[PDB]
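Below: the structure, in structure tokens.
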Amino acid sequence: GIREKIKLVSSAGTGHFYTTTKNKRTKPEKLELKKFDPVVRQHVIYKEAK
Amino acid sequence: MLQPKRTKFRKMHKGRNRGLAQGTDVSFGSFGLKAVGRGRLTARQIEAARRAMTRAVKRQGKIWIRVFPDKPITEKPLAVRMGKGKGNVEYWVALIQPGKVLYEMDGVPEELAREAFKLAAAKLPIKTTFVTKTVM
Amino acid sequence: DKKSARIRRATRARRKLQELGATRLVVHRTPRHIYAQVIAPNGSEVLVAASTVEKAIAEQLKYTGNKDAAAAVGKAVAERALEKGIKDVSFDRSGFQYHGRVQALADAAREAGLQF
Amino acid sequence: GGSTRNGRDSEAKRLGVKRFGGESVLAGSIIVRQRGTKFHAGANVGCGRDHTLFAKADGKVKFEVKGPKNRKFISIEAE
Amino acid sequence: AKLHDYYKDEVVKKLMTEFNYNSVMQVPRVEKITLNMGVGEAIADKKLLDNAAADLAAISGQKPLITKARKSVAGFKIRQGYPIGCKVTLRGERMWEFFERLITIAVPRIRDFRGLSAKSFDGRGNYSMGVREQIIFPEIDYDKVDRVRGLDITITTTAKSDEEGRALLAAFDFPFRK
RNA sequence: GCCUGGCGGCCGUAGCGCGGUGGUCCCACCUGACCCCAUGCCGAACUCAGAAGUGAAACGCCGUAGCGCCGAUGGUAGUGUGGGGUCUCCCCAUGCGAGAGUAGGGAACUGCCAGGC
RNA sequence: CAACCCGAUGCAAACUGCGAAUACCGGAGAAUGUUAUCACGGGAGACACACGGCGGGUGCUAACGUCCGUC
RNA sequence: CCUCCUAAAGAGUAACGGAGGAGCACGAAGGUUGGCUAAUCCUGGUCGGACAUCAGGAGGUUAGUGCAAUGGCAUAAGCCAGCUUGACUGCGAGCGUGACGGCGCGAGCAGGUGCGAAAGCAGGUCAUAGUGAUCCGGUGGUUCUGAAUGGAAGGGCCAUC
Ligand SMILES: [Mg+2]
Ligand SMILES: [Mg+2]
Ligand SMILES: [Mg+2]
Ligand SMILES: [Mg+2]
Ligand SMILES: [Mg+2]
Ligand SMILES: [Mg+2]
Ligand SMILES: [Mg+2]
């Protein structure tokens, strides 16, 4: 395994979030890369990824 | 004493001969030994036949072997139940059928050959017959 | 061959457009001339075609294949392909890099009326 | 020994041979892996992720063979 | 285009009559020098090469093209990628301005030279040659420098064949030998 | 109608080799390049502005069968149904009928638009 | 001594530049068939099969052997 | 669980039959756009050695696909680079495949994105393995419920461990 799980929270105050994984080791920095949360009905940045 | 130096697969299935060979008429020497029967050469025979064959023509003349073993054929030991994976390749058989020109003589009288093959094909299981050379 | 690589370099689009089945505007370039013809979906028959090797056009031309030349053409292509009715099509740069004399005659045909 | 195991069904094959009623979007030819065992063409294409010859607008099936060195190619003519 | 002019000048006509070439096109034209300078090792330092490159640039003004390994199959090393070269072909003006840098003040700036091997034939006037050592040609205060250097030099002329290659290139005092 | 270019249709009887031939119409190579645009170096390619030069290369056409390639007729192999001989294989009636090989064929054919005579 | 390559010769369940019979799918049509066909619902039993023909794996192309397909 | 054969040219099939693989990897190795095209050998070239790099010729999927095998790939699904987050959300005509639970393919619609001049392509990777039903709970959201009323605990619904 090793490929730890990760959750992408919406930059917007909204609580909606996305889910995926990433190699905690190799890549130190946490993943940030936008998406679309139904709530705001608009695309937006998504942070948090160990 | 004659087998494939290498095989992509360790064990060949089984199958069965379906008559009519391909290497009929001679195409190397000038005589040869034909099939006339169906069966398989234990390969250990082709030599027993070849050896005796040679030993007569002595040195003189060129000999041929248009047949080859290549086929595994396994054997399961004595005390051993059925269904334990296929057995192990004990020997190597050579599938031949009516027509296959077993061997082929060339540099020798049609006398010191007709009575060299006749001497040869007497070690083999499958019946045989002498062959000339056929013009066309 | 320089010409060979060219063809294969656009064989894709020149198939994807086919897949769609839409009248396309084919443009062919050359050191001294500029060509433009609007072939039908079947790719067999050509509906309209205005080029620089045509007396009429070339007549009022400074030099064939001079961007300005590869512009008046596209317009004439539109002019023709419009009186004929053919409006709104698909541009097939065909190997050549949409940028110069091709980025002309194309938009010189766009503004000319053709939709794409 | 150490030999056995084996995959499963994975059916894969033509399910719309020759001209068929060809629904609005039948299967036609699954045979996965196949990008070239059968190619997408005509009023049908798709060629899903698993290379499943889609089959668009309803109609008879064709099954041809054209350009790029033979090539199968499946297309559907309307009835 | 100094030496360049000479071509279309006294040259050509000479080669023309050389074998009554059917056209002023069937005249083998000098087509780009190539250069290369095999990096070698590299892995050891991966520094001297960035220099060796700057050295390759010393001659040809054009920026060196650090050639990367390929097949990877190397008892030497080579891991598919990894740095290992600096070719830099020669184009027109620089192709002749450089062909005005040597065969005059480089090849002549010998080290012994008793006759340049006129043996580099192939089937297209293709002539290549190694210098064995940076002839110290107009580098930069060429004294500190670095251990040896050397490199390669191909001509790649449009010669129909080395059965003509030799002829051309000779239209200019090409070292060679008898 | 002949020749050339553009897009196709069919994809090797359409391909390759070999010998010949065509040029300010077309096509190319070709000239110049600070520039538009471009080289992990290079105006080579991509690109622009175009003279002067040449069909050399490329491309097209013509011929040539060396090689690809197409390929009968006959027989052979196999096989569905019915029957029969029979130790793992065949045979007969009947319908289907290869593959290879042989005779031979063969140096593509064609539609639409444009340009030149 | 022997690699590649050329010519001539064989072999292959996990080789194929070839390729059937035929089985299967679909469309049309006549005739025959006590709708044989499909769907929904009440009731089941049955999931130890055996031999024989054909195509096979396994076994020794051994077994009234064993394991599949098919009648 | 995946691949090939057995498997008799649709599907499907057995054995303690013959062979191998998976319990992952990737924020790029995904998307798009522009461009590119191998192995191998021959000859020539400083150090270059059978085999580094350069030149020319031959050759033509004999290379390359992140990992098995099979099928497939030049319009490349191979290789390079620019900009990027479609590895989006709600749905889904109609199918394939299953005894079932379930798994798979999917054009097109709505809202919003990225790349392209545009037609257009993108709901993850050439495809087929890379997985665990239910329960019991954990976390976040929601005014659905809330045992006299208002709240709350707990429960539901959606996301998820
Ligand atoms: Mg079958
Ligand atoms: Mg039971
Ligand atoms: Mg049972
Ligand atoms: Mg049974
Ligand atoms: Mg029994
Ligand atoms: Mg099947
Ligand atoms: Mg994969």
(request) For a quick protection proxy, order the peptides D:3-9, E:31-37 by their average other-Cβ count within 10 Å, most packed first. (result) E:31-37, D:3-9
(request) Assuming a ≥ b ≥ c are the square roots of the Cα gyration tensor eigenvalues, decide whether chain D counts as rounded (a/c under 1.5), prolate (otherwise, with a/b larger than b/c) or oblate. (result) prolate
(message) So if I take the centroid of the Cα atoms in region D:13-55 and the same for region E:1-55, what is the distance between those two points in Å?
(response) 57
(request) Among D:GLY46, D:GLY22, D:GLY67, determine the one that fluctuates most according to a GNM of chain D built with springs between C-alpha atoms less than 10 Å apart. (result) D:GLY67
(request) Specify which residue in the list C:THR11, C:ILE34, C:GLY85 is farthest towards the positive end of the charge dipole of chain C, using unit charges on the beta carbon of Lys, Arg (+1) and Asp, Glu (-1), about the Cα centre. (result) C:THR11
(request) In nm, give the distance between the simple-model label positions of C:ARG15 and E:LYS46, each being 7 Å from the Cα along the Cα-to-Cβ direction. (result) 4.0
(message) If neighbour count is taken as other Cβ atoms inside 10 Å, put B:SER30, D:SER75 in order from fewest to most.
(response) B:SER30, D:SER75
(message) Under 10 Å, Cα contacts only: if you run a Gaussian network model on chain E, which one of E:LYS119, E:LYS144, E:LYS46 comes out with the highest mean-square fluctuation?
(response) E:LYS144
(request) Using only the Cα atoms of region B:21-136, build the gyration tensor, take square roots of its eigenvalues as a ≥ b ≥ c, and label the shape rounded, prolate or oblate: rounded if a/c is under 1.5, else prolate if a/b is larger than b/c, else oblate. (result) prolate
(message) Distance between the C-alpha centers of region E:89-141 and chain A? Whole Å please.
(response) 60
(request) Among E:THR89, C:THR23, A:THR19, E:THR104, rank each residue by its count of other Cβ atoms within 10 Å, from fewest to most, as a rough exposure measure. (result) A:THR19, E:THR104, E:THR89, C:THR23
(message) Under 8 Å for C-alpha pairs, at least 6 residues apart: give me the relative contact order for region B:21-136, rounded to a whole percent.
(response) 49
(request) If a/c stays under 1.5 just call it rounded; otherwise compare a/b with b/c (prolate if a/b is bigger, oblate if not). Do that for the protein assembly as shown, with a ≥ b ≥ c from the square roots of the Cα gyration tensor eigenvalues. (result) oblate
(message) Longer than 18 Å from Cα to Cα, which of A:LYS27/A:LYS50; A:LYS7/A:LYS30; B:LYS86/B:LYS123; E:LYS68/E:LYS119 are they? Say none if no pair is.
(response) B:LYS86/B:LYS123; E:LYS68/E:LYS119
(message) Under 5 Å between amide hydrogens, which residues at least 5 positions from A:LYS47 or on another chain qualify, with H placed 1.01 Å from N in the peptide plane?
(response) A:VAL9, A:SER11
(request) Specify, per residue and in Å³, the volume enclosed by the convex hull of the alpha carbon atoms belonging to chain E. (result) 136
(message) Give me C:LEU25, C:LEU105 sorted ascending by neighbouring Cβ count inside 10 Å, so fewest comes first.
(response) C:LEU25, C:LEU105
(request) Report the relative contact order of chain C, percent, no decimals, based on alpha-carbon pairs under 8 angstrom and at least 6 residues apart. (result) 28
(message) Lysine pairs in chain C with Cα distance under 25 Å, only those 8 or more apart or on different chains: how many are there?
(response) 13
(request) Round to the nearest 10 and give me the degree value, 0 to 90, for the angle of helix E:48-59's Cα axis relative to the longest principal axis of chain E. (result) 20
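Using ideal geometry, Cβ is built from the backbone for each residue, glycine included, and neighbour counts are taken over all protein chains shown. Just so you know, all these numbers are worked out from the coordinates, no wet-lab data involved.
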